[PDB]
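Novice: So that we are looking at the same thing, I have put the structure below in structure tokens.
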Amino acid sequence: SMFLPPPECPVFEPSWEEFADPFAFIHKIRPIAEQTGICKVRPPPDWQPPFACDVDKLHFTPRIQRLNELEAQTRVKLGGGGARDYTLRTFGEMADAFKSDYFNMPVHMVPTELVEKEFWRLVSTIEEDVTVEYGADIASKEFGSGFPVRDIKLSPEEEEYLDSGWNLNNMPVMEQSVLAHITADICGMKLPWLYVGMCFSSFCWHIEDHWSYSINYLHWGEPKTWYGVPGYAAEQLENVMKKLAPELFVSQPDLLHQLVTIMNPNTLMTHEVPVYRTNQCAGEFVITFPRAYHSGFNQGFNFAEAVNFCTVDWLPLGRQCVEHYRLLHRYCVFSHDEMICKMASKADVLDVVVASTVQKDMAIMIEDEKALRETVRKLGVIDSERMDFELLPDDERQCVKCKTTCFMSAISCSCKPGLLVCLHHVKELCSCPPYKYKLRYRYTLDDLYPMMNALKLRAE
Ligand SMILES: O=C1Nc2ccc(F)cc2[C@H]1O
Ligand SMILES: [Cl-]
Ligand SMILES: [Mn+2]
Ligand SMILES: [Mn+2]
Ligand SMILES: [Zn+2]
């Protein structure tokens, strides 16, 4: 045997009743699905959103992909990056001819088992040099969501699906999520991405920014094959990866140079990393859990739509993730503390389970901040001044040393205008004596305790 398929991940078939509320359902399956990292969700037979579009008027700029195991690729950036151009129809014609010519078979007579074995053969063989193309970008005027959105008059059926929880345009900005409260520009993370696939086009092993959840819907076409690893095994996987492809682990100059790669799940299984698989067919959802590594490839021409989200469950993990970024010197997409304080400042209109969970995260934030400020005072930093960090562009408030986005506090020095360090890296700013430094802070401890009290009242 040259490829042993991993065991299958969990598959859920909710009733209409269960399927009514997405967040309730995800909370239900969570103890099972978080053991496997990914899971598949089949909607009720009824639930059939209308996909409709003109294949001649949708155009997009294709990305090109070489298919070599352990070779470095860079995560897709929101920028089009292209002079070349396909309509959905001309891409479909390219994609079907490619698959048909590769196997000398009609496109739907190629078994999924065989495409999977062939994918892993061709990525491991050096002389084979297959390149494929694919589409990836957030919605725009030239290529929009596959779900119904408001604007054009809509049919009664379209109106049914316009407000669904499972309409992925809605899911980021619903109530039991926490990304919706963020006022910062985080386009890449709260807007759905649109993916046009062809045979063998693939996505490298990765986890979502800030260890968020994600959910992917296959609108139409041939299936999408997935591999997933549970969150508790993320560091095992990373150690296996570091050993075999250490170049992917050199320091990131920014978030547009994140390096990722294809790697055979059998390799992971040999090093005792648990891995699960699934084929996602048209009309099905795949959900990924916090810090669950995933990868996959398309069986043929298809169209998927995916979005990030964060439940109240995720809040403690969000804080651990930012700490982990600090240890690695990795850039943040947003400030976690800034998001917590924003929610606290809206305590009266918050859902009450949300208020209760924000309260507990804020209590940890405040006790850590108390300890850090005492430490830098003992270093001889005496002068201080309030500062509205949320007004600075992100690139003007990153720690010089660990790149974290400052919000609660930072240290500055008149000696190096415009530069900041977080309170973990006070000794990294410059060589002036500590009495020349200034502590810049968003809130006094006395501002903070009443903010947390408002949450306590709302939670009762
Ligand atoms: O379903 C997919 N996920 C994903 C992720 C990143 C990519 F560049 C491309 C894809 C799609 O094929
Ligand atoms: Cl190859
Ligand atoms: Mn993903
Ligand atoms: Mn350090
Ligand atoms: Zn720092």
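Chain labels run A, B, ... following the order of the structure tokens; each chain numbers its residues from 1, and ligands are numbered from 1 in the order shown.
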May I ask you to write as JSON, numbers by chain all residues lying at most 7 Å from ligand 3, with only C-alpha atoms and all ligand atoms counted?
Specialist: {"A": [206, 207, 208, 214, 294]}
Novice: List every residue of region 82-314 of chain A that DSSP, applied to the backbone, labels as alpha helix (DSSP H), and write the result as a ChimeraX atom specification.
Specialist: /A:88-103,112-124,156-162,187-190,234-244,265-270
Novice: What does the distance between atom 8 (F, counted along the ligand's line) of ligand 1 and CA of residue 24 (chain A) come to in Å, to one decimal place?
Specialist: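 So the two atoms, atom 8 (F, counted along the ligand's line) of ligand 1 and CA of residue 24 (chain A), lie 29.2 Å apart.
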Novice: Could you list the protein, DNA and RNA residues that have any atom within 6 Å of ligand 5, counting only C-alpha atoms and all ligand atoms, and write them as a ChimeraX atom specification?
Specialist: /A:399,401-402,404,421-422,424-425
Novice: Within 12 Å of residue 329 (chain A), counting only C-alpha atoms, which residues qualify if same-chain residues fewer than 4 places away don't, as an MDAnalysis selection string?
Specialist: chainID A and resid 250:255 322:325 398:405 425
Novice: So that I have them on file, write out the residues from the current selection with N, CA and C atoms, as an mmCIF file, in the first residue's frame.
Specialist:
```cif
data_model
loop_
_atom_site.group_PDB
_atom_site.id
_atom_site.type_symbol
_atom_site.label_atom_id
_atom_site.label_comp_id
_atom_site.auth_asym_id
_atom_site.auth_seq_id
_atom_site.Cartn_x
_atom_site.Cartn_y
_atom_site.Cartn_z
ATOM 1 N N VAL A 250 11.153 29.688 9.736
ATOM 2 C CA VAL A 250 11.910 30.929 9.878
ATOM 3 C C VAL A 250 10.932 32.103 10.127
ATOM 4 N N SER A 251 11.416 33.145 10.802
ATOM 5 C CA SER A 251 10.541 34.213 11.298
ATOM 6 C C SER A 251 9.810 34.935 10.174
ATOM 7 N N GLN A 252 8.536 35.238 10.426
ATOM 8 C CA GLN A 252 7.685 35.905 9.446
ATOM 9 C C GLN A 252 7.963 37.414 9.424
ATOM 10 N N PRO A 253 8.361 37.941 8.249
ATOM 11 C CA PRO A 253 8.604 39.387 8.117
ATOM 12 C C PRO A 253 7.308 40.198 8.246
ATOM 13 N N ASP A 254 6.179 39.564 7.908
ATOM 14 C CA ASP A 254 4.828 40.112 8.099
ATOM 15 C C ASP A 254 3.752 39.031 7.865
ATOM 16 N N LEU A 255 2.483 39.440 7.864
ATOM 17 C CA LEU A 255 1.367 38.503 7.712
ATOM 18 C C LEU A 255 1.095 38.111 6.247
ATOM 19 N N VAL A 322 -3.027 34.930 21.712
ATOM 20 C CA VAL A 322 -2.284 36.187 21.613
ATOM 21 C C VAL A 322 -0.964 36.110 22.384
ATOM 22 N N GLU A 323 -1.012 35.457 23.527
ATOM 23 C CA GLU A 323 0.176 35.120 24.281
ATOM 24 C C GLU A 323 1.153 34.243 23.451
ATOM 25 N N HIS A 324 0.616 33.220 22.796
ATOM 26 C CA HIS A 324 1.431 32.385 21.908
ATOM 27 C C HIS A 324 2.056 33.190 20.762
ATOM 28 N N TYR A 325 1.294 34.098 20.140
ATOM 29 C CA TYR A 325 1.873 34.991 19.121
ATOM 30 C C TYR A 325 3.034 35.805 19.699
ATOM 31 N N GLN A 398 2.615 48.547 17.481
ATOM 32 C CA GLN A 398 3.159 47.206 17.715
ATOM 33 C C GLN A 398 4.439 47.268 18.563
ATOM 34 N N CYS A 399 4.569 46.366 19.526
ATOM 35 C CA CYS A 399 5.811 46.249 20.294
ATOM 36 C C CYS A 399 7.011 46.021 19.372
ATOM 37 N N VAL A 400 8.016 46.887 19.481
ATOM 38 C CA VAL A 400 9.262 46.806 18.714
ATOM 39 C C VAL A 400 9.880 45.407 18.782
ATOM 40 N N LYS A 401 9.770 44.774 19.943
ATOM 41 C CA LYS A 401 10.341 43.452 20.152
ATOM 42 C C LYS A 401 9.444 42.308 19.694
ATOM 43 N N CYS A 402 8.249 42.155 20.284
ATOM 44 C CA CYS A 402 7.449 40.943 20.026
ATOM 45 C C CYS A 402 6.278 41.115 19.030
ATOM 46 N N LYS A 403 6.159 42.310 18.448
ATOM 47 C CA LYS A 403 5.124 42.688 17.473
ATOM 48 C C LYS A 403 3.648 42.659 17.963
ATOM 49 N N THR A 404 3.392 42.481 19.257
ATOM 50 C CA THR A 404 2.004 42.435 19.725
ATOM 51 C C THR A 404 1.329 43.834 19.528
ATOM 52 N N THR A 405 0.022 43.857 19.255
ATOM 53 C CA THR A 405 -0.723 45.108 19.124
ATOM 54 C C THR A 405 -1.043 45.642 20.536
ATOM 55 N N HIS A 425 8.511 43.877 27.507
ATOM 56 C CA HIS A 425 9.791 44.158 26.844
ATOM 57 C C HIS A 425 10.333 45.560 27.133
#
```
Novice: Can you pull out every residue with an atom within 9 Å of ligand 2? Use only C-alpha atoms and all ligand atoms and format it as a count of residues only.
Specialist: 15
